[PDB]
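Please treat every number below as a calculation from the coordinates, not as lab data. Positions of Cβ are backbone-derived with ideal geometry, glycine not excepted, and every protein chain shown enters the neighbour counts.
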Amino acid sequence: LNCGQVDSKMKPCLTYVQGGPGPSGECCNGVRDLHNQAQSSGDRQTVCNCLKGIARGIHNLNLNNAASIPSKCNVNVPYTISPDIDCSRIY
């Protein structure tokens, strides 16, 4: 699947979306990586669901940093590495 890769690349984005400093560029290119991997909704599930669990394991995740991954890489994904995105509605 992809939840495994997505996790390995969305777990390092934690220091940014939560640490504060970042992103390192590879973060937005990582979520964009999902963009090239998942093609249909059933494909995001692994991805989105991943960023969900991962993003949902930090002391105080920051939505601002986790809300600019797409606004920066211009990917336009529906979900993000956060404890609140929505995979049931991945368009």
Residues located in the range 44-91, provided they are surrounded by fewer than 14 Cβ atoms within 10 Å (Cβ to Cβ), at negative phi and not in a helix (DSSP H, G or I): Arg56, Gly57, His59, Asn60, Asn64, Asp84, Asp86, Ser88, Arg89, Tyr91
Condition test on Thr15, is it buried (at least 17 other Cβ atoms within 10 Å of the Cβ), of a type in the set (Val, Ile, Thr) and not in a loop (DSSP other than H, G, I, E, B)? no
Inter-residue pairs, beta-carbon under 7 Å, first under 21 Å from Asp43 (Cβ atoms) and in the range 5-26, second outside any helix (DSSP H, G or I), 6+ apart: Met10/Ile81; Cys13/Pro23; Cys13/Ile81
